[PDB]
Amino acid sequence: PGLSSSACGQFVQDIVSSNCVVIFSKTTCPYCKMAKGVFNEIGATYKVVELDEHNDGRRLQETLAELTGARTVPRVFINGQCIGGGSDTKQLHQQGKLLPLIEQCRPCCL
């Protein structure tokens, strides 16, 4: 394959590839607590990157803006695809559309 054009990009590619569910988050953001919440509800473990605990948080926020079209947290990724923020997470879940997205993630043995 190919390499991203910066460490920011690489990092986002990397963690979004190694993980079914990724939440780029802030510890102080209620929409992030909401999204994390629905995932705990489902019983899906996920990877969190707290951008306010990261020395490069602002640069990562910029990269997520370029990739996903919004800089707001949370930026939620299922199976390499950004599904949007907290309301999207919540709303997909309420419509029973989320668990299927999660179920498309390759299985442990693969």
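Start at 1 and count along the sequence shown; that's the residue number.
Quick one: say whether 94-102 or 14-22 has the higher mean Cα B-factor in the deposited entry. That would be 94-102.
Per the PDB record, is the mean Cα temperature factor higher over 67-75 or over 25-33? Here the higher of the two C-alpha B-factor means belongs to 25-33.
For the chain shown, is the CA B-factor of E62 in the lowest, middle or highest third of its modelled residues? As the PDB entry reports it, the C-alpha B-factor of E62 lands in the lowest third of its chain.
If you rank every modelled residue in this chain by C-alpha B factor, which third holds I83: lowest, middle or highest? Lowest third of the chain for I83's C-alpha B-factor.
Consider only the C-alpha atoms of the modelled residues in this chain, order them by B-factor as the entry records it, and name the third containing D56: lowest, middle or highest. Its C-alpha B-factor, which the entry lists for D56, ranks in the middle third among residues of this chain.
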